[PDB]
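J.: Here the sequence shown is numbered in the deposited numbering, starting from 10 and rising by one per residue. Don't be surprised by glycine CBs; every beta carbon is placed ideally from N, CA and C.
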Amino acid sequence: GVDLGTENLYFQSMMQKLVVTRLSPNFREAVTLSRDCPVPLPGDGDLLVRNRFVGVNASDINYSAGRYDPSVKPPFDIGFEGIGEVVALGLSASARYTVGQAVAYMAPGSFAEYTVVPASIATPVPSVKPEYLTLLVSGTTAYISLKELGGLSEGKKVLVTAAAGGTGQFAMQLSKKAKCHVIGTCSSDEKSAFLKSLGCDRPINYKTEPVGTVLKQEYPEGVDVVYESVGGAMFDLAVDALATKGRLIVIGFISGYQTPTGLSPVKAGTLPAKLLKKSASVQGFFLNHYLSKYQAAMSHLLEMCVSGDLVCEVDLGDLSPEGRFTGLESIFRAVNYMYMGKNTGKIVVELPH
Ligand SMILES: NC(=O)c1ccc[n+]([C@@H]2O[C@H](COP(=O)([O-])OP(=O)(O)OC[C@H]3O[C@@H](n4cnc5c(N)ncnc54)[C@H](OP(=O)(O)O)[C@@H]3O)[C@@H](O)[C@H]2O)c1
């Protein structure tokens, strides 16, 4: 009786995908577009998803560099998230999932026309739209880290770095919803306008106005929470800008990922003493350590998105040098775009019919 997509599997036999062929943080050096790869088949507990959008993530280049498990050698698949239609599935999976259903997921190997996804990690979505993909990593990271670690409450002051980017946009909005005063950093006046449209109380274009100075002058008593994703000298300023009982959440350090080690140097020598003297913290956050909170987060985010209560800005690359990010080949360009700092919102690549 049940359609498991077996006809599809017969006829949809080969596909394109991206493959890490050499470890490097230079994505173009590391990754090759492969063709006429077999379409993988789903196991009893799996879905086979035809990706229609895939997300571009800063750590894509950490992945390509082998930094998640240095002992794992090429070749391996890449891309952290996708959205599309179920084309086939295993028998067990069919209890809860159906051929043609719109699903989104966070699992490695999304940079492919088709990806096998365990049905246990799939998220049902209303339809295949790029706004929902924005939630999977970027939204959930901001949601869970702030909920679990931010201690947010009315009137607290929150500094968000890369605030106009994929995760930053949600850290901004979610802090505003908690009635915080929100400061955001970005690299252009048009990004600052975007931030202002999300409710940012103090956008800062760091290219034209020094962040440290603004913080010293406008926030002399400091900030309560920092959503820190840049690293380096920005991390150092953030530590100095903490209020008493302040918390710096280490979300990432993109300023370092292109470097050979992937790290951005910081002034750490006096950090324990600084933290003691302010009763302040530096707090790491890795989304994969918080998967017990993921399904709830995703559900709330999805409700806010569909209801119009959350801006989910998507950058499909229409304004990039070679235009809209269409096809797996465009992933190279999109990663470049990210590392040139040109995106507003979440970078997404379309894989259309
Ligand atoms: N901990 C976690 O589980 C987790 C999950 C998701 C993301 N993250 C982290 O969140 C951060 C943002 O990632 P994303 O994927 O959302 O990208 P994104 O913010 O959409 O794009 C990156 C942004 O970083 C700034 N930038 C780019 N290159 C830079 C450089 N070399 N030095 C300083 N700033 C640079 C740019 O914004 P400006 O105009 O502001 O410069 C750019 O638009 C990354 O650190 C990432 O690792 C962490």
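1) Can you list, in chain order, the stretches of the beta strand (DSSP E) that have 3 or more residues and sit fully within the stretch 274-332?
2) Are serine 264 and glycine 240 touching if we call contact CB-CB under 8 angstroms?
3) Tell me, which residues are paired with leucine 57 by DSSP?
4) Do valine 146 and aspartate 12 have their C-beta atoms closer together than 8 angstroms?
5) On the three-state DSSP scale, how would you describe residue 418?
6) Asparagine 17 lies in the alpha helix (DSSP H); which residues open and close that run?
7) How about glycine 354 and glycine 175: do their beta carbons lie closer than 8 angstroms?
8) Check whether the Cβ of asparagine 352 lies closer than 7 angstroms to any heavy atom of ligand 1, and answer yes or no.
9) Go ahead and pull the three-state DSSP assignment for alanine 172.
10) With distances taken between CB atoms, is the gap from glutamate 199 to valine 323 smaller than 8 angstroms?
11) State the DSSP-derived secondary structure class of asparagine 214, mapped to helix, strand or coil.
12) As a quick exercise: from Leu246, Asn352, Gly326, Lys216, pick the residue whose alpha carbon is nearest that of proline 229.
13) Compute the Euclidean distance between the alpha carbons of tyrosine 346 and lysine 138, then round it to the nearest angstrom.
14) Relative to ligand 1, is the shortest distance from any of its heavy atoms to the C-beta of residue 367 smaller than 7 angstroms?
15) Hey, could you find the ends of the beta strand (DSSP E) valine 234 is sitting in?
16) Between which residues of its own chain and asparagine 352 is the CB-CB distance below 7 angstroms, once the five residues before and five after are set aside?
17) Could you please give the first and the last residue of the uninterrupted alpha helix (DSSP H) stretch that includes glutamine 110?
18) Got a sec, what are the start and stop residues for the beta strand (DSSP E) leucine 257 sits in?
19) Does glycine 193 come out as helix, strand or coil in the three-state DSSP assignment?
20) Report the three-state DSSP secondary structure of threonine 132 (helix, strand or coil).
21) For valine 81, which residues of its own chain have a beta-carbon under 7 angstroms away from its beta-carbon, when the five flanking residues on both sides are left out?
T.: With the structure as the only source:
1) 290-293
2) yes
3) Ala97, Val125
4) no
5) Because the chain spans 10 through 362 in this model, residue 418 falls outside it and cannot be assessed.
6) 15-20
7) yes
8) yes
9) coil
10) The answer is no: Cβ separation not under 8 angstroms.
11) strand
12) Closest in C-alpha terms to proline 229, from the list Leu246, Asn352, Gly326, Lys216, comes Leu246.
13) Going from the Cα of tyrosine 346 to the Cα of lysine 138 covers about 22 angstroms.
14) Look at the range of the chain in this structure, 10 to 362, and you will see that residue 367 is not part of it.
15) 232-237
16) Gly174, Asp324, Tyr346
17) No alpha helix (DSSP H) holds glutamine 110; DSSP gives it neither H nor E.
18) 251-259
19) strand
20) strand
21) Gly75
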